[PDB]
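In structure tokens, one chain follows: the form deposited in one PDB entry.
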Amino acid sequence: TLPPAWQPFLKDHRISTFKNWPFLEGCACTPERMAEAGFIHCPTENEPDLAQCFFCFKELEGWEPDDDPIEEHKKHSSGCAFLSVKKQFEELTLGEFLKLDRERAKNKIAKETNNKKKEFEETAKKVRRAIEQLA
């Protein structure tokens, strides 16, 4: 086996996430290339093509067949330490591995923060709007 929270570091686990991914043979954003890129497929009905970096948590939709998932990665999240990782997983040192996994747990915290802040501004807008309607 292998601890379940470390799976996303494994290319094959990532590939495995692509359920009804539409871009297959002939396309440049195949499940395979996506996984190589660090993406995991996390589809909702509202956006069935939603892919997310397991490391930086940056979320990307509106995929088109010619999209090279790696360039899209560099483009929409230039600072993702995964991109820098040039070794295969098992060539990584455990120290290196734990460094990476540390940054990822922090990226995760940043992300939740950024979310909470967005939810906060959202509810504020509602409040301000309701208040104007009252004023």
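Think of the rigid core as the biggest set of C-alphas that the two forms share within 1.5 Å after superposition. Heads up: residue numbers just count along the shown sequence, starting at 1.
Colleague: Got a sec? Mean C-alpha B-factor, which is higher, 55 to 63 or 42 to 50?
Modeller: If you average the C-alpha B-factors of 42 to 50 and of 55 to 63, the larger mean comes out for 42 to 50.
Colleague: Give the stretch, out of 1 to 9 and 124 to 132, with the larger mean C-alpha temperature factor in the deposited entry.
Modeller: Averaging CA B-factors over each stretch, the winner is 1 to 9.
Colleague: Name the residue from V85, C29, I109, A37 with the greatest C-alpha temperature factor listed in the entry.
Modeller: Within the set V85, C29, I109, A37, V85 shows the top C-alpha B-factor.
Colleague: Classify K19 as lowest, middle or highest third according to the C-alpha B-factor given in the PDB entry, relative to its own chain.
Modeller: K19: CA B-factor falls in the highest third of its chain.
Colleague: What third of the chain does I70 rank in for C-alpha temperature factor, lowest, middle or highest?
Modeller: Within its chain, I70 is a lowest-third residue by C-alpha B-factor, going by the deposited values.
Colleague: Would you check the entry's CA temperature factor for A105 and let me know if it's in the chain's lowest, middle or highest third?
Modeller: CA B-factor rank for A105: middle third.
Just so you know, the form deposited in another entry exists too; it's not on screen, but the next bit is about it.
Colleague: Would you say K126 moves between this form and the one not shown, meaning its CA shifts by 2 Å or more once the core is fitted?
Modeller: After core superposition, the displacement of the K126 C-alpha between this form and the one not shown reaches the 2 Å mark, so yes.
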